[PDB]
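A short worksheet on the structure shown next.
Counting neighbours? That spans all protein chains shown, and the Cβs are built from the backbone with ideal geometry, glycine included. What follows is calculated from the coordinates using simple rules that are stated; it is not laboratory data.
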Amino acid sequence: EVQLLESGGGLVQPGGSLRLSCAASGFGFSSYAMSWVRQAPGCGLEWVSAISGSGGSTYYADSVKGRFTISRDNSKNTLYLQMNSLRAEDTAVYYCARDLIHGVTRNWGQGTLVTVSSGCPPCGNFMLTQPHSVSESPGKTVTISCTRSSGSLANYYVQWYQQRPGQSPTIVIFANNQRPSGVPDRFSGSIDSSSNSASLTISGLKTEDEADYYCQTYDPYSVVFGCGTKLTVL
């Protein structure tokens with residue numbers, strides 16, 4: 001029932017302004033934090049900005065620190081996103097996401113397309129690392145590693161999302177090991193604390209499992225999406 005609908009995306013020139021919106025429903029909008037995640041074509045997820053329930057705390061990414069303005073209107077149940085000094089690098093698909101807490105995304109929107117016109121941006125204070133791609137025959141088991149560079153991994157919850165080609169990313173594993181109701185039980189999530197890594201495990205692969213898998217944790221100051229691992233089913 002939780003619906004997040006992005007709007008306001010369109011064609012724009014370098015150095016212009018554009019404000020996206022997101023009419024949320026299915027939950028008390030004032031009771032949850034919200035964030036924006038962009039994705040250039042054929043690239044990985046890239047966290048943009050975050051904002052808290054009451055709005056007191058706003059977190060911006062390094063690429064758009066100050067260039068963008070995250071904001072919300074809890075009376076209208078609408079999350080916004082003011083964009084200024086629009087650069088060619090900002091062309092991406094901007095998603096609307098709900099956050100159970102800081103840096104823990106739980107629901108995703110459809111998206112909206114923003115194009116700035118008159119190679120992919122990098123992915124990974126701290127960084128995550130997942131293998132480029134892993135493959136396995138159907139019916140077998142596969143595990144995808146996600147190793148954190150700096151800062152304890154057990155101190156910050158880790159999420160796992162699945163993105164099929166052309167689909168929007170859906171949560172499959174959050175809070176390190178917690179699985180959303182509806183996600184199949186063959187998708188398990190664990191964390192090895194000594195090696196400082198989180199692992200998503202799919203037992204008994206199916207042909208529909210073939211998609212991108214992004215891991216994501218946080219710190220008190222930012223959210224970080226892993227580069228992503230293309231799971232190839234044979």
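If neighbour count is taken as other Cβ atoms inside 10 Å, put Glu208, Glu89 in order from fewest to most. All intermediate terms of the calculation are to be shown ahead of the outcome.
On the way: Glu208 9, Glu89 14.
Listing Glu208, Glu89 from fewest to most nearby Cβ atoms yields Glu208, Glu89.
If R0 is 41 Å, what FRET efficiency do you get for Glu136 and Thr58 from their C-beta distance, rounded to 0.05? Write down the numbers at each step before the final one.
Details: r = 42 Å, r/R0 = 1.01.
The calculated FRET efficiency here is 0.50.
Taking the highest mean first, how do the peptides 220-233, 20-33 order by number of other beta carbon atoms within 10 angstrom per residue?
The packing order, highest mean first, is 220-233, 20-33.
Which of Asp99, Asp219, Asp90 has the fewest other C-beta atoms within 10 Å, and how do the rest follow up to the most? Provide the component values of the computation, followed by the final result.
Working: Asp99 20, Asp219 16, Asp90 23.
Least to most surrounded, the residues fall as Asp219, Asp99, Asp90.
With just the Cα atoms defining each centre, how far is the stretch 78-113 from the stretch 156-187? Give it in Å.
18 Å
Using the Kirkwood formula over every pair of different C-alpha atoms, what hydrodynamic radius in Å results for the stretch 3-116? Provide the component values of the computation, followed by the final result.
Numbers: mean 1/r = 0.0723 Å⁻¹.
Result for the stretch 3-116 stands at 13.8 Å.
Taking neighbour counts of Cβ atoms within 10 Å as a proxy for exposure, in what order, fewest first, do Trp47, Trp36 appear?
Values: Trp47 23, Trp36 26.
Lowest count first: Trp47, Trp36.
Taking K and R as +1 and D and E as -1, what net charge do the other residues with C-beta under 15 Å from the C-beta of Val233 add up to? The partial results should precede the final answer.
Working: positive: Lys140, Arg164, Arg186, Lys206, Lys230; negative: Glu136, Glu208, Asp209, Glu210, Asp212.
Around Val233, the charge tally is 0.
If each residue of separation counts as 0.36 nm, what is the full-extension length gain between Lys230 and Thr129 once their alpha-carbon separation is subtracted?
Values: separation 101, 0.36 × 101 = 36.36 nm, distance 1.33 nm.
Extra length available between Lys230 and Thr129 comes to 35.0 nm.
Using Cα-only point scatterers and the Debye equation, what is log10 of I(q)/I(0) for the chain at each q in 0.08, 0.11, 0.13 Å⁻¹, rounded to two decimals?
With no solvent term, the Cα-only Debye profile gives -0.28, -0.54, -0.76.
Can you tell me the equivalent ellipsoid semi-axes for the stretch 128-233? Use √(5λ) from the Cα gyration tensor, largest first, whole Å. Working shown, then result.
Values: eigenvalues 96, 38, 35 Å².
The equivalent ellipsoid of the stretch 128-233 has semi-axes of 22, 14, 13 Å.
At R0 = 30 Å, how high is the FRET efficiency between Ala23 and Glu208 if r is their beta carbon distance? Nearest 0.05 is fine. Could you put the intermediate results ahead of the total?
Values: r = 31 Å, r/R0 = 1.02.
Once rounded, the FRET efficiency stands at 0.45.
Kindly write out, for the stretch 226-234 in residue order, the coupling ³J(HN,Hα) from the Karplus curve 6.51 cos²θ - 1.76 cosθ + 1.60 (θ = phi - 60°), rounded to whole Hz, with x marking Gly and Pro.
x, 4, x, 10, 6, 7, 9, 8, 9
Explain nothing, just compute: Karplus ³J(HN,Hα) = 6.51 cos²θ - 1.76 cosθ + 1.60, θ = phi - 60°, for every residue of the stretch 8-18 in order, whole Hz, x for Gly and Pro.
Karplus-based 3J(HN,Hα) across the stretch 8-18 equals x, x, x, 7, 8, 9, x, x, x, 10, 7 Hz.
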